[PDB]
Amino acid sequence: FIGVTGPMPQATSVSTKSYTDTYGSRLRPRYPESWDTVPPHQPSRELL
Amino acid sequence: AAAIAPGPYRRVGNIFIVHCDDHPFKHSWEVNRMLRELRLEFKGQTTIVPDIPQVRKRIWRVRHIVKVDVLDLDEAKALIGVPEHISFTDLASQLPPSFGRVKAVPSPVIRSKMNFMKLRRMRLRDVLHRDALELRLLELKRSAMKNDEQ
Amino acid sequence: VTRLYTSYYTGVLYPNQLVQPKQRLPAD
Amino acid sequence: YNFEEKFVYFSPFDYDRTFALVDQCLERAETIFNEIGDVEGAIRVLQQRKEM
Amino acid sequence: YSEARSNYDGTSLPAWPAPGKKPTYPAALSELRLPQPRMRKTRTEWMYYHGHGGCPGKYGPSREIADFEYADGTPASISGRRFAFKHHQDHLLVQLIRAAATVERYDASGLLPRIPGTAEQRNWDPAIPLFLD
Amino acid sequence: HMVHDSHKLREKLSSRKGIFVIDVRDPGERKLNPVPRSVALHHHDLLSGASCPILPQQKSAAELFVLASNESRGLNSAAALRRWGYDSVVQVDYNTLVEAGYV
Amino acid sequence: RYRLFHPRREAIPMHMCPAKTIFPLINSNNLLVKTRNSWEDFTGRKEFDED
Amino acid sequence: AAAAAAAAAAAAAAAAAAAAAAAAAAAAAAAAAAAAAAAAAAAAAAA
Amino acid sequence: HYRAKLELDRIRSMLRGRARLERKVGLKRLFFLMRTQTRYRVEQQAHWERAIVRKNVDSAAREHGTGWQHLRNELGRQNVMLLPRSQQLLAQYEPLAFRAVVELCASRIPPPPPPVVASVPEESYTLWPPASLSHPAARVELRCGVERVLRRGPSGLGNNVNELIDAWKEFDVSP
Amino acid sequence: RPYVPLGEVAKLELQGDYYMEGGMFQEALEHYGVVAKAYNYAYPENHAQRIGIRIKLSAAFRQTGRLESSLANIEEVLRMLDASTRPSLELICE
Amino acid sequence: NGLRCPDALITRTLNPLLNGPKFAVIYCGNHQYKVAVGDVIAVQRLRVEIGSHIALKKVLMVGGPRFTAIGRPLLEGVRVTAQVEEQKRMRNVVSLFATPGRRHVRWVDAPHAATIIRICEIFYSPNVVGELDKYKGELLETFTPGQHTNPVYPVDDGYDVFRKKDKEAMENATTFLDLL
RNA sequence: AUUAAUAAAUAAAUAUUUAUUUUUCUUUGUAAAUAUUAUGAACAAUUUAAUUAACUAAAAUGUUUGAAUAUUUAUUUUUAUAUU
């Protein structure tokens, strides 16, 4: 599970980092916004 | 093998797809209230509801305006195309709680209050972010002053 | 009344949907 | 009623991706400074983030 | 260039059987349980069967496939109504998932009665046997 | 209803070679006098049809036994099975099963 | 006829909106949810290319 | 609002559940009398 | 009370005699005409137009031996999504195409199979890790995506699915 | 410009972004490889889309563990940004 | 490019039929348009910059003076490309809403926003599986251009005494073969 | 909605402004301040139960057989699709 609120195990590999840790919660990839592929909008709205 | 299935047994429920086929507003207000509980207000609207005693009661009450289709949990899982080992409980826990109409609130005034609180907490997120940055900067400056004094 | 959005609903046009032109570094 | 429109709020983190990128970069710079043990660098980078 | 998809993944059921083999045909008769009346499917019923939600412009390729595309392959923009339709599909999925989760949680807690129907239905319909014990 | 024990023993041994016993009893009584090779169901489930898929497909070739403490409960379970399409149904009790050795 | 007897699973087709739309990584034992919460959350059209 | 909603739900349930009432001569509802189930001349086949 | 005084005095030139000469009469007539035209457009114009289109399609079907009823039902059965306006246009301007459609409907050609439901590959159930590599389900999905990319059109990326799948190795730099 | 199914390659890029967010960095890298191939074939040299997909590919390499490859890709991205004209402020910041 | 199929005979017999002008029935803006290589249409507004070289994805039918391909519902391998000439608003439609009772009048102006598009080229590159029988759903292994795949016979039998008899030529005129 | 007149929780309807995030599968317009408030039925029966619509297109609504003809009883002929 990726979106879970709690912590995640990392004993598998120390060098492996989560995307949220690497870039933070407020930042998302620049998804290709196109008719075929529509990404989620406004993660601030998504939160609650 | 002409014998009972020799293995552990799992209970599987059902899901009702309810489609409104007659103008709900042409009936008595009790029928319309039951349809709204089923989340139906206009002809041609379809909803997916659990197979539970309350939903069965509502569908029985409004069975002359509603056409029902059944889908076992296995059938629904196949329909959506997800691995059998994943659980709808896991999917529900993963999906966000503020998706659409979070909940049927007592009145539209309370709904407006809920939206206002959503926006207020959105703003407070950034406000507290900036405040925490300020506090950490203040702590760092205090530590620097202490080191300079020492 | 109250809306359930059980059927398809067209998103309302709002000023926040303006196509914002991305900032571009000067040519000089 | 319908007063959420009087307080409609749009997050700069969402409506300006450059700001979010730079905020994350400054957070990482502050973390690196803390790991190294530097103080002046962390102070200046955090102050610049606050000013942004 | 052009596009023709019936499924999200783009896969389709084998339409043309092997040469010389008798091809499969759909059920022309309506899906009514009773043998009578023996009515053929309506055009709207055929639309439902083939995937369109009763109307050409409600579901299916005519609704999911972009109406245009730049000559160099660049796709089209995300219209507000396109995003709204995607949200509606996600809402249908969320409804299904939440209903399934509710059923599973009721089963786990033990609230799903072993009796077929509610008291009202049971005392109204003779078809339900008596479960007294 | 009640039948001799040696005949039931030999039939269960050299006829089925599987599981054909449906136990309809309260959980406390089932724990007190358990049977490992008998599948535990509820008479309401049998009558409603929740047990239809687990029950054998070959109606004619499948003969079932019902383990219950109440004769009325056993008869109700047999009626449910017959309604669902299983006429070859017999009733047994824990004493008969123990004497046979199925336990 | 206006009395059509067709399954409501047909009435609501899930063919072009499978679970992968919201759980893209579901097939790979990764339950990540990317669901468009509401029509309200629409930042507006964005160009795919600069050209 | 909770009390009003509960009362409305109870009224709807009461007015929509008991579609028909057994004849008073057979059994007086107001006198608490009730009629049991007579399955003598019944059948088991799914007719 | 607002009336389209200025808006309708402009077109007041389109009437005759008293209405065109006197402002009040012309304005009243134009207001009535606009309201009646609005009502007709919103409650009868579509019905009349689609009835005309139906009759044209029916006449074409009759000339070809069929009729509107069977033609509509068989178009639905065969899953040919041609709106009645399109059918009329094809019949009037492309008689050969309309006859081909009628022949398709008449023939015992199996109609297209219903849309398929999403299928979970066995790779999803395959355990990962078994006890640097990619999930087999993800690899299968990537292969399907690359196949769709190649089949969408005659792109110059090449038809080698394996070569495309191994693209990232092109950008990778050996240490 | 030559024809390329940019819709399909955008689907692949979105899937790669989802893999990045989900932590499936190898799968994200595999998808970004195809996306970068397509963008390189389609768009002209020193193009915004090309440099952006190279940024994403460098991020995927770094997350997977190929630090040298990620460094080389980001260096080439910076070279392309220098060569271009009026580069996007957001893109250069990223 | 051209039609393709595993059968060389069918491929070479059908390729010459595609050469020539083509028409296409396309679906766009919830409307269906029949277009040719030089036809101008007015579609509902498309967020496309003027003078843009655009392509239409979902095509319901293609055809020409010698062939016709249908989609059930859509087709593949069809390249319909046009140029966005204009982005304008068509003639205004005036809706005047009023009721004799209340002194309220509403004047709605609907200038239907539209994009005017001129089709520049239509190409088709079908992939045929094999010959398909009409009166039977089976598809033939062998394609014989010299023989009708579904022969036809006259109706008159003499049993129907009160049958509307047409002229003999029309009643029994044989048809030629359109592949030789 | 409607109780004139001693220690009884509460008139309602409409309008204006305004107020309360209480848990349960779903759903749900509750409250306060303020303004106004004759648009008016006689019997019988039963009952603690019975004139609204943004444009384009789409669109599912809809003359015989317990006789007759005949003679001094015998004869006769008793599903669909589709349209707002």
# chains A, B, ... in the order shown; residues from 1 in each chain; ligands from 1
call {"tool": "interface_residues", "arguments": {"of": "chain K", "to": "chain J", "cutoff": "12 Å", "atoms": "only C-alpha atoms", "output": "tab-separated table (two decimals) with N, CA and C atoms, in the first residue's frame"}}
result
chain	number	residue	atom	x	y	z
K	53	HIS	N	-3.25	21.67	-38.72
K	53	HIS	CA	-3.43	20.43	-39.47
K	53	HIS	C	-3.92	19.37	-38.50
K	54	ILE	N	-5.19	19.01	-38.59
K	54	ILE	CA	-5.86	18.18	-37.60
K	54	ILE	C	-6.24	16.86	-38.26
K	55	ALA	N	-6.53	15.86	-37.42
K	55	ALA	CA	-6.93	14.55	-37.89
K	55	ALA	C	-8.16	14.09	-37.12
K	57	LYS	N	-10.21	11.01	-35.57
K	57	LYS	CA	-9.85	9.67	-35.10
K	57	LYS	C	-10.94	8.65	-35.40
K	79	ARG	N	-7.13	7.32	-42.38
K	79	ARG	CA	-6.42	8.58	-42.14
K	79	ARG	C	-7.25	9.68	-42.78
call {"tool": "residues_around", "arguments": {"residues": "segment 23-37 of chain H", "least_positions_apart": "2", "cutoff": "12 Å", "atoms": "only C-alpha atoms (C1' of nucleotides)", "output": "ChimeraX atom specification"}}
result
/E:123,126,129-130,132 /H:20-21,39-42 /L:48-50
call {"tool": "residues_around", "arguments": {"residues": "segment 62-73 of chain J", "least_positions_apart": "6", "cutoff": "8 Å", "atoms": "only C-alpha atoms (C1' of nucleotides)", "output": "VMD selection string"}}
result
(chain A and resid 16 to 17) or (chain I and resid 132 171 to 175) or (chain J and resid 25 to 26 29 54 to 55)
call {"tool": "write_last_selection", "arguments": {"atoms": "C-alpha atoms", "output": "CSV table (one decimal), in the first residue's frame"}}
result
chain,number,residue,atom,x,y,z
A,16,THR,CA,15.5,2.8,-1.7
A,17,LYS,CA,13.5,6.0,-1.0
I,132,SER,CA,16.8,-4.7,-10.3
I,171,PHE,CA,19.9,6.0,-22.6
I,172,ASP,CA,21.6,3.9,-19.9
I,173,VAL,CA,25.3,4.4,-19.5
I,174,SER,CA,27.6,1.5,-18.5
I,175,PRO,CA,29.5,2.3,-15.3
J,25,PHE,CA,11.1,2.6,-10.2
J,26,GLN,CA,12.2,-0.1,-12.6
J,29,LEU,CA,12.2,3.6,-16.0
J,54,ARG,CA,15.0,13.1,-20.2
J,55,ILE,CA,14.5,14.7,-16.8
call {"tool": "interface_residues", "arguments": {"of": "chain B", "to": "chain E", "cutoff": "8 Å", "atoms": "only C-alpha atoms", "output": "VMD selection string"}}
result
chain B and resid 11 to 15 47 to 53 56 to 57 60 73 76 80 88 to 89 91 to 92 95 99 to 100
call {"tool": "interface_residues", "arguments": {"of": "chain C", "to": "chain G", "cutoff": "9 Å", "atoms": "only C-alpha atoms", "output": "ChimeraX atom specification"}}
result
/C:9-12,14,16-21
call {"tool": "write_last_selection", "arguments": {"atoms": "C-alpha atoms", "output": "PDB file, in the first residue's frame"}}
result
ATOM      1  CA  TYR C   9     -22.791  16.131 -14.133  1.00  0.00           C
ATOM      2  CA  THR C  10     -20.987  18.673 -16.311  1.00  0.00           C
ATOM      3  CA  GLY C  11     -18.366  20.558 -14.327  1.00  0.00           C
ATOM      4  CA  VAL C  12     -19.272  24.207 -13.857  1.00  0.00           C
ATOM      5  CA  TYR C  14     -14.970  28.677 -13.036  1.00  0.00           C
ATOM      6  CA  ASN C  16      -9.709  28.972 -11.683  1.00  0.00           C
ATOM      7  CA  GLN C  17      -9.738  26.969 -14.945  1.00  0.00           C
ATOM      8  CA  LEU C  18      -7.948  29.685 -16.935  1.00  0.00           C
ATOM      9  CA  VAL C  19      -5.142  28.265 -19.072  1.00  0.00           C
ATOM     10  CA  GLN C  20      -2.137  29.774 -17.294  1.00  0.00           C
ATOM     11  CA  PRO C  21       0.844  30.376 -19.622  1.00  0.00           C
TER      12      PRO C  21
END
call {"tool": "closest_atom_pairs", "arguments": {"of": "chain F", "to": "chain B", "cutoff": "9 Å", "atoms": "only C-alpha atoms", "output": "Markdown table"}}
result
| residue | atom | partner | partner_atom | distance |
| --- | --- | --- | --- | --- |
| F:16 | CA | B:3 | CA | 8.2 |
| F:18 | CA | B:3 | CA | 6.8 |
| F:19 | CA | B:4 | CA | 6.3 |
| F:20 | CA | B:3 | CA | 6.2 |
| F:21 | CA | B:4 | CA | 8.7 |
| F:39 | CA | B:4 | CA | 8.3 |
| F:50 | CA | B:11 | CA | 8.7 |
| F:53 | CA | B:5 | CA | 8.2 |
| F:54 | CA | B:5 | CA | 5.1 |
| F:55 | CA | B:4 | CA | 4.9 |
| F:56 | CA | B:3 | CA | 4.7 |
| F:57 | CA | B:2 | CA | 6.0 |
| F:58 | CA | B:2 | CA | 5.2 |
| F:59 | CA | B:2 | CA | 7.7 |
| F:60 | CA | B:2 | CA | 8.9 |
| F:61 | CA | B:2 | CA | 6.3 |
| F:62 | CA | B:2 | CA | 5.3 |
| F:63 | CA | B:3 | CA | 8.6 |
| F:64 | CA | B:3 | CA | 8.7 |
